[PDB]
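K.L.:
Please work out how this folds:
(chains A and B)
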Amino acid sequence: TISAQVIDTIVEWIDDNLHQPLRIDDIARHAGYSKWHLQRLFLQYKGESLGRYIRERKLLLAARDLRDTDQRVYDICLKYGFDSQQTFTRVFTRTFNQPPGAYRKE
DNA sequence: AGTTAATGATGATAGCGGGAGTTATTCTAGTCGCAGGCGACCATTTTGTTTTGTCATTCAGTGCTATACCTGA
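P.N.:
Residues are numbered from 1 along each chain as shown, chains lettered A, B, ... in the order given. Structure as follows:
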């Protein structure tokens, strides 16, 4: 029990939320937690910044949609959180060091 | 001289309703030559869709100060 069961709610919010980005103001409101409700969790249970963890989660979620043989490549990053194509391209290039088409063909 | 009764013919009408099935069957008639337009195939340029590079506006975490509930003197 950390801050009255915030771990059991963060995962549910991440799984049920839409492609809306997750920031301090967005998440803290109806999350049941303060900025400090989440800082201690991100420091202890995860030990990683939010901008990197959210990007990794989006990449792991899109790894299946890229294999689902979808022709609308521009909408894949949009349906999962990336509001722009260039941001998703840079994130994928810095993470996997591979072009988007090279991983989409696989 | 010119006017009323009378003759063969084309001209033309003769029912509202629904009921069905695959589609019926050919008149006999040649070939040889040159020349223009088009169906079809493919290459190329224009435009839409995709990936990549070069400049600023912003949000995490580290750490301290501030406030409230629990255990204690």
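K.L.:
Show residues contacting stretch A:38-53.
P.N.:
A:2-3, A:6-7, A:10, A:22-24, A:27-28, A:31 (CB atoms under 8 Å, 6 or more residues apart in numbering). The way it works is simple: take the backbone N, C-alpha and C, and place the C-beta from them, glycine included.
K.L.:
now those: which count as buried?
P.N.:
For the contacts of stretch A:38-53, a burial check counting by 16 or more other CB atoms under 10 Å picks out A:6, A:10, A:22, A:27.
K.L.:
Let me have those residues in a markdown table, extended by distance to DNA strand B.
P.N.:
Converted to a markdown table, these look like this (distance: CB to the nearest atom of the strand, whole Å):
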| residue | distance to DNA strand B |
| --- | --- |
| A:6 | 14 |
| A:10 | 12 |
| A:22 | 7 |
| A:27 | 8 |
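K.L.:
Select, from these, the two members most distant in space.
P.N.:
Spatial extent of the buried ones among the contacts of stretch A:38-53 (CB to CB) is set by the pair A:6 and A:22 at 14.0 Å.
K.L.:
Kindly reformat the buried ones among the contacts of stretch A:38-53 as CSV and extend each row with distance to residue A:65 and secondary structure.
P.N.:
Shown next, in CSV, are those (distance: CB to CB, whole Å; DSSP: H, G, I helix; E, B strand; the rest coil):
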residue, distance to residue A:65, secondary structure
A:6, 29, coil
A:10, 23, helix
A:22, 19, coil
A:27, 24, helix
